[PDB]
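Text of the file structure.csv, holding CSV, C-alpha atoms and all ligand atoms:
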chain,number,residue,atom,x,y,z
A,1,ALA,CA,-26.9,-29.6,59.0
A,2,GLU,CA,-28.7,-28.4,62.2
A,3,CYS,CA,-26.1,-27.1,64.6
A,4,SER,CA,-23.5,-29.6,63.3
A,5,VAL,CA,-21.2,-30.2,60.4
A,6,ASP,CA,-19.6,-33.4,59.0
A,7,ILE,CA,-16.1,-32.7,57.7
A,8,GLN,CA,-13.5,-34.8,56.0
A,9,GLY,CA,-9.7,-34.7,56.0
A,10,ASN,CA,-8.2,-36.7,53.0
A,11,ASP,CA,-4.8,-38.0,52.0
A,12,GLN,CA,-4.0,-34.8,50.0
A,13,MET,CA,-4.0,-32.7,53.3
A,14,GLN,CA,-7.3,-31.1,52.4
A,15,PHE,CA,-10.5,-30.5,54.4
A,16,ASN,CA,-13.7,-30.6,52.4
A,17,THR,CA,-14.8,-27.2,53.7
A,18,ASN,CA,-12.9,-24.1,54.5
A,19,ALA,CA,-15.6,-21.9,56.0
A,20,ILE,CA,-18.0,-22.8,58.9
A,21,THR,CA,-20.9,-20.7,60.0
A,22,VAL,CA,-22.5,-21.4,63.5
A,23,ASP,CA,-25.9,-19.8,64.1
A,24,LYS,CA,-26.3,-18.0,67.4
A,25,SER,CA,-29.5,-20.0,68.2
A,26,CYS,CA,-27.5,-23.2,68.6
A,27,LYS,CA,-26.9,-24.0,72.3
A,28,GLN,CA,-24.1,-26.4,71.2
A,29,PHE,CA,-22.3,-27.0,67.8
A,30,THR,CA,-21.0,-30.5,66.8
A,31,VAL,CA,-18.3,-31.2,64.3
A,32,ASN,CA,-18.0,-34.8,63.0
A,33,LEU,CA,-14.6,-35.5,61.5
A,34,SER,CA,-13.6,-38.4,59.2
A,35,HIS,CA,-10.6,-39.3,57.2
A,36,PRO,CA,-11.2,-40.9,53.8
A,37,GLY,CA,-8.1,-42.6,52.3
A,38,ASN,CA,-5.4,-45.1,53.2
A,39,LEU,CA,-2.6,-43.4,55.0
A,40,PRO,CA,-2.0,-43.9,58.8
A,41,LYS,CA,-2.0,-41.3,61.5
A,42,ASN,CA,1.8,-40.9,61.7
A,43,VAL,CA,2.0,-39.9,58.0
A,44,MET,CA,-1.3,-38.1,57.3
A,45,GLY,CA,-2.9,-37.5,60.8
A,46,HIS,CA,-5.7,-34.9,61.0
A,47,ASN,CA,-7.5,-33.4,63.9
A,48,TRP,CA,-10.0,-30.5,63.9
A,49,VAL,CA,-8.8,-27.8,66.3
A,50,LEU,CA,-10.5,-24.4,66.9
A,51,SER,CA,-9.1,-21.2,68.5
A,52,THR,CA,-9.2,-17.5,67.7
A,53,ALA,CA,-7.4,-16.5,64.5
A,54,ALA,CA,-5.0,-14.6,66.9
A,55,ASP,CA,-4.0,-17.8,68.9
A,56,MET,CA,-3.7,-20.3,66.0
A,57,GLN,CA,0.1,-19.8,65.5
A,58,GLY,CA,0.8,-20.4,69.2
A,59,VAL,CA,-1.4,-23.4,69.2
A,60,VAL,CA,0.4,-24.7,66.0
A,61,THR,CA,4.0,-24.2,67.3
A,62,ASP,CA,3.3,-25.8,70.7
A,63,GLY,CA,1.3,-28.6,69.2
A,64,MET,CA,4.3,-29.5,67.0
A,65,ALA,CA,6.5,-29.5,70.1
A,66,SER,CA,4.1,-31.9,72.0
A,67,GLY,CA,4.9,-35.1,70.0
A,68,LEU,CA,2.9,-37.7,68.1
A,69,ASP,CA,2.0,-39.4,71.4
A,70,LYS,CA,0.3,-36.2,72.4
A,71,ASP,CA,-1.7,-35.8,69.1
A,72,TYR,CA,0.4,-32.8,68.3
A,73,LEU,CA,-1.6,-30.7,70.7
A,74,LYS,CA,-0.3,-29.1,73.9
A,75,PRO,CA,-2.3,-30.9,76.7
A,76,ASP,CA,-4.8,-28.6,78.4
A,77,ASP,CA,-3.9,-25.7,76.0
A,78,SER,CA,-6.1,-22.8,77.1
A,79,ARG,CA,-6.3,-21.3,73.7
A,80,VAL,CA,-8.1,-24.4,72.2
A,81,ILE,CA,-11.8,-23.9,72.3
A,82,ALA,CA,-12.5,-27.5,71.0
A,83,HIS,CA,-10.6,-30.3,69.2
A,84,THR,CA,-10.9,-33.9,68.1
A,85,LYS,CA,-8.2,-36.5,68.6
A,86,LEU,CA,-5.7,-37.0,65.7
A,87,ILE,CA,-7.1,-39.7,63.4
A,88,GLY,CA,-5.7,-41.7,60.5
A,89,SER,CA,-7.7,-43.1,57.5
A,90,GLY,CA,-10.8,-45.1,58.2
A,91,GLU,CA,-11.1,-43.4,61.6
A,92,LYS,CA,-13.7,-41.0,63.0
A,93,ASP,CA,-14.1,-38.5,65.8
A,94,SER,CA,-16.6,-35.8,66.8
A,95,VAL,CA,-16.7,-32.9,69.2
A,96,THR,CA,-19.6,-30.9,70.6
A,97,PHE,CA,-18.8,-27.5,72.3
A,98,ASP,CA,-21.0,-24.8,73.9
A,99,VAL,CA,-21.7,-21.9,71.6
A,100,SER,CA,-21.4,-19.4,74.5
A,101,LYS,CA,-17.6,-19.9,74.3
A,102,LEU,CA,-17.7,-17.9,71.1
A,103,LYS,CA,-18.3,-14.2,71.0
A,104,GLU,CA,-19.7,-11.8,68.4
A,105,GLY,CA,-17.1,-10.0,66.2
A,106,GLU,CA,-14.2,-12.3,67.1
A,107,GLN,CA,-12.5,-14.2,64.2
A,108,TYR,CA,-12.0,-18.0,64.7
A,109,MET,CA,-9.9,-20.5,62.7
A,110,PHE,CA,-10.1,-24.3,62.6
A,111,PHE,CA,-7.0,-26.2,61.5
A,112,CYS,CA,-5.1,-29.5,61.7
A,113,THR,CA,-2.0,-29.3,64.1
A,114,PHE,CA,-0.2,-32.2,62.5
A,115,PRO,CA,3.3,-31.0,61.4
A,116,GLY,CA,3.1,-29.2,58.1
A,117,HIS,CA,-0.7,-29.6,57.6
A,118,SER,CA,-2.1,-26.3,59.0
A,119,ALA,CA,-0.6,-24.2,56.1
A,120,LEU,CA,-3.1,-26.0,53.9
A,121,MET,CA,-5.6,-27.4,56.4
A,122,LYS,CA,-7.5,-24.4,57.8
A,123,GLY,CA,-10.6,-22.3,57.5
A,124,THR,CA,-12.7,-19.8,59.3
A,125,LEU,CA,-15.5,-20.3,61.8
A,126,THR,CA,-18.1,-17.5,62.3
A,127,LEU,CA,-20.9,-16.8,64.8
A,128,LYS,CA,-23.9,-15.4,62.8
B,201,ZN,ZN,-3.7,-33.3,59.1
I'd like the structure from this file rewritten - as structure tokens, please.
Amino acid sequence: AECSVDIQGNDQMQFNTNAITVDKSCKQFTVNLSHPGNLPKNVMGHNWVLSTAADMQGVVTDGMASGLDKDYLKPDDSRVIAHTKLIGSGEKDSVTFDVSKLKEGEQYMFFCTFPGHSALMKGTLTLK
């Protein structure tokens, strides 16, 4: 929609989009995450995490190492540009970040860091 996107994470470990475009005129960009379904956070948790395509693996490995209680994200990880909390079904969370944190010609990825989900739950984010 205008400088924002609503995205869903379901019980089959799927996001309903796999490509996000952010227009350079946006001062800010907002992602609104929801989780349709019935499974709880500890079985099917999903968060929306954004980093460069280069940093994603490091973010995923260290996130797995943080624990459920840490939302499977390394606290104050410098490589995460923006992220929601980890949510279960029926829950909701949003994040607004400044678009100046992204630069032209850099590849970005969004993904879920919940153990085992990033292999299937990821997509690209692009500044146009
Ligand atoms: Zn997930």
task = For CA of residue 3 in chain A and CA of residue 33 in chain A, determine how far apart the two atoms are, in Å to one decimal place.
result =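 Separating CA of residue 3 in chain A from CA of residue 33 in chain A is a distance of 14.6 Å.
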task = Skip range 8-16 of chain A itself and residues of its chain fewer than 2 positions away, then list as an NGL selection string all residues within 12 Å of it, counting all atoms listed in the file.
result = :A and (5-6 or 18-20 or 31-41 or 43-48 or 86-94 or 110-124)
Would you save the residues from that selection as a PDB file, keeping the file's coordinate frame, using C-alpha atoms?
ATOM      1  CA  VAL A   5     -21.200 -30.200  60.400  1.00  0.00           C
ATOM      2  CA  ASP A   6     -19.600 -33.400  59.000  1.00  0.00           C
ATOM      3  CA  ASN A  18     -12.900 -24.100  54.500  1.00  0.00           C
ATOM      4  CA  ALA A  19     -15.600 -21.900  56.000  1.00  0.00           C
ATOM      5  CA  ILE A  20     -18.000 -22.800  58.900  1.00  0.00           C
ATOM      6  CA  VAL A  31     -18.300 -31.200  64.300  1.00  0.00           C
ATOM      7  CA  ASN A  32     -18.000 -34.800  63.000  1.00  0.00           C
ATOM      8  CA  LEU A  33     -14.600 -35.500  61.500  1.00  0.00           C
ATOM      9  CA  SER A  34     -13.600 -38.400  59.200  1.00  0.00           C
ATOM     10  CA  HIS A  35     -10.600 -39.300  57.200  1.00  0.00           C
ATOM     11  CA  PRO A  36     -11.200 -40.900  53.800  1.00  0.00           C
ATOM     12  CA  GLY A  37      -8.100 -42.600  52.300  1.00  0.00           C
ATOM     13  CA  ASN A  38      -5.400 -45.100  53.200  1.00  0.00           C
ATOM     14  CA  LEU A  39      -2.600 -43.400  55.000  1.00  0.00           C
ATOM     15  CA  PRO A  40      -2.000 -43.900  58.800  1.00  0.00           C
ATOM     16  CA  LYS A  41      -2.000 -41.300  61.500  1.00  0.00           C
ATOM     17  CA  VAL A  43       2.000 -39.900  58.000  1.00  0.00           C
ATOM     18  CA  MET A  44      -1.300 -38.100  57.300  1.00  0.00           C
ATOM     19  CA  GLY A  45      -2.900 -37.500  60.800  1.00  0.00           C
ATOM     20  CA  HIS A  46      -5.700 -34.900  61.000  1.00  0.00           C
ATOM     21  CA  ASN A  47      -7.500 -33.400  63.900  1.00  0.00           C
ATOM     22  CA  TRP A  48     -10.000 -30.500  63.900  1.00  0.00           C
ATOM     23  CA  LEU A  86      -5.700 -37.000  65.700  1.00  0.00           C
ATOM     24  CA  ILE A  87      -7.100 -39.700  63.400  1.00  0.00           C
ATOM     25  CA  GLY A  88      -5.700 -41.700  60.500  1.00  0.00           C
ATOM     26  CA  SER A  89      -7.700 -43.100  57.500  1.00  0.00           C
ATOM     27  CA  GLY A  90     -10.800 -45.100  58.200  1.00  0.00           C
ATOM     28  CA  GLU A  91     -11.100 -43.400  61.600  1.00  0.00           C
ATOM     29  CA  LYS A  92     -13.700 -41.000  63.000  1.00  0.00           C
ATOM     30  CA  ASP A  93     -14.100 -38.500  65.800  1.00  0.00           C
ATOM     31  CA  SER A  94     -16.600 -35.800  66.800  1.00  0.00           C
ATOM     32  CA  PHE A 110     -10.100 -24.300  62.600  1.00  0.00           C
ATOM     33  CA  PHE A 111      -7.000 -26.200  61.500  1.00  0.00           C
ATOM     34  CA  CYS A 112      -5.100 -29.500  61.700  1.00  0.00           C
ATOM     35  CA  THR A 113      -2.000 -29.300  64.100  1.00  0.00           C
ATOM     36  CA  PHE A 114      -0.200 -32.200  62.500  1.00  0.00           C
ATOM     37  CA  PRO A 115       3.300 -31.000  61.400  1.00  0.00           C
ATOM     38  CA  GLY A 116       3.100 -29.200  58.100  1.00  0.00           C
ATOM     39  CA  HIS A 117      -0.700 -29.600  57.600  1.00  0.00           C
ATOM     40  CA  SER A 118      -2.100 -26.300  59.000  1.00  0.00           C
ATOM     41  CA  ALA A 119      -0.600 -24.200  56.100  1.00  0.00           C
ATOM     42  CA  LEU A 120      -3.100 -26.000  53.900  1.00  0.00           C
ATOM     43  CA  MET A 121      -5.600 -27.400  56.400  1.00  0.00           C
ATOM     44  CA  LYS A 122      -7.500 -24.400  57.800  1.00  0.00           C
ATOM     45  CA  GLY A 123     -10.600 -22.300  57.500  1.00  0.00           C
ATOM     46  CA  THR A 124     -12.700 -19.800  59.300  1.00  0.00           C
TER      47      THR A 124
END
request  = List the neighbours of residue 79 in chain A out to 8 Å using only C-alpha atoms; skip same-chain residues closer than 3 positions along the sequence, and give me the result as a list in words.
outcome  =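 That gives residues 51, 52, 55 and 59 of chain A.
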remark   = Computed gap from CA of residue 105 in chain A to atom ZN of ligand ZN 201 (chain B) is 27.8 Å
ask   = Which of these, A:100, A:42, A:30, A:61, has the shortest distance to ligand ZN 201 (chain B) once you count all atoms listed in the file?
value = A:42
request  = May I ask for the distance between CA of residue 81 in chain A and CA of residue 50 in chain A, given in Å to one decimal place?
outcome  =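 These two atoms are separated by 5.6 Å.
Of the listed residues A:22, A:68, A:1, A:125, the one whose atoms come nearest to ligand ZN 201 (chain B) is A:68, with distances taken using only C-alpha atoms and all ligand atoms.
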Shell of 9 Å around residue 54 in chain A, only C-alpha atoms, local chain residues under 5 positions omitted, as a ChimeraX atom specification = /A:107-109
Got time to write the residues from that selection, C-alpha atoms, as a CSV table (one decimal), in the frame of the given file?
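And here's part_17.csv as it stands now:
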chain,number,residue,atom,x,y,z
A,107,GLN,CA,-12.5,-14.2,64.2
A,108,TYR,CA,-12.0,-18.0,64.7
A,109,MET,CA,-9.9,-20.5,62.7
request  = Name all residues at most 10 Å from residue 74 in chain A (count only C-alpha atoms; drop same-chain ones fewer than 3 positions away) and give them as a ChimeraX atom specification.
outcome  = /A:58-67,70-71,77-80,113
Restricting it to C-alpha atoms, dump the selection as a compact mmCIF listing (two decimals), in the coordinates of the input.
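This went into again.txt:
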# COMPACT_ATOMS: atom_id res chain seq x y z
CA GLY A 58 0.80 -20.40 69.20
CA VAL A 59 -1.40 -23.40 69.20
CA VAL A 60 0.40 -24.70 66.00
CA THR A 61 4.00 -24.20 67.30
CA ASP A 62 3.30 -25.80 70.70
CA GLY A 63 1.30 -28.60 69.20
CA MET A 64 4.30 -29.50 67.00
CA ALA A 65 6.50 -29.50 70.10
CA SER A 66 4.10 -31.90 72.00
CA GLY A 67 4.90 -35.10 70.00
CA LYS A 70 0.30 -36.20 72.40
CA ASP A 71 -1.70 -35.80 69.10
CA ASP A 77 -3.90 -25.70 76.00
CA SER A 78 -6.10 -22.80 77.10
CA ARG A 79 -6.30 -21.30 73.70
CA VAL A 80 -8.10 -24.40 72.20
CA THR A 113 -2.00 -29.30 64.10
ask   = With distances taken over only C-alpha atoms and all ligand atoms, which of A:96, A:25, A:84, A:57 is nearest to ligand ZN 201 (chain B)?
value = A:84
note = For ligand ZN 201 (chain B), the closest of A:49, A:4, A:102, A:27 counting all atoms listed in the file is A:49
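Each of A:95, A:7, A:26, A:53 was compared to residue 82 in chain A using all atoms listed in the file, and A:95 turns out to be the nearest.
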ask   = Smallest atom-to-atom distance to ligand ZN 201 (chain B): which of A:127, A:2, A:28, A:72, using all atoms listed in the file?
value = A:72
